[PDB]
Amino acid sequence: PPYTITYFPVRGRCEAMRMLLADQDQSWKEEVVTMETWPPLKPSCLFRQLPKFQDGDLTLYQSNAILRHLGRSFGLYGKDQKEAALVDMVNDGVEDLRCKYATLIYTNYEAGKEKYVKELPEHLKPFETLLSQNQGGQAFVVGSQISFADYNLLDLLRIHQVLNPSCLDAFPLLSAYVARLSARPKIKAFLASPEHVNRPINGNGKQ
């Protein structure tokens, strides 16, 4: 610690790590980058993009690398080696779908939305399946304790319910899971926050 997140004024790729830190009782500083401060900041960013994260003397880029680091710092990475590998698997499945939603939103929202929405159940089904194989869907996506991939999947499922309000109809454990995890008191508090409610999900007005 201390922690500082530098990012655009959107939820985007940082709302999962914000919920993690909130649920872990951490406080962090928000360095908001606007349209005017982005073109000069940009060339000093290693992969020329945001997020950027500072944790004491460590500066990190790449949102999943920031989640894996916080996962190691708070013991949110499985109870053993097999479990760590399964948490990585789920998080990459989350990242693949997060990538397709970003392409839809930012590049083909109007024409592609219905297509996207029609293929979506095949992309959500693997998570319903993991949840049924694990402790009756009553616990987390891997194991009996929360991992960084649960914050990232919770975020993904919540932005997709905005995109398509009935997308979890065929998936009961996924609907119960969104409800359960959203009611965790520090996450519930964060989701009610002005900071959370006042920023768009994405940076182009589409949602």
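Throughout, we count residues from 1 along the sequence that is shown.
Legend: mean Cα B-factor per stretch from the PDB entry, 70 to 78 versus 128 to 136; the higher mean is in 128 to 136. Note on 194 to 202 vs 14 to 22: mean CA B-factor is higher in 194 to 202. Sorting 147, 182, 166, 152 by the CA temperature factor given in the entry leaves 166 at the top. Among the modelled residues of its chain, residue 111 has a C-alpha B-factor that falls in the highest third, as given in the PDB entry. Per the PDB record, residue ranking by Cα B-factor puts residue 59 in the middle third of the chain.
Per-chain ranking of the deposited C-alpha B factor places residue 42 in the middle third. Residue 49 sits in the lowest third of its chain by CA B factor, as recorded in the PDB entry. In the PDB entry, a CA B factor belonging to the middle third of its chain's modelled residues is recorded for residue 32.
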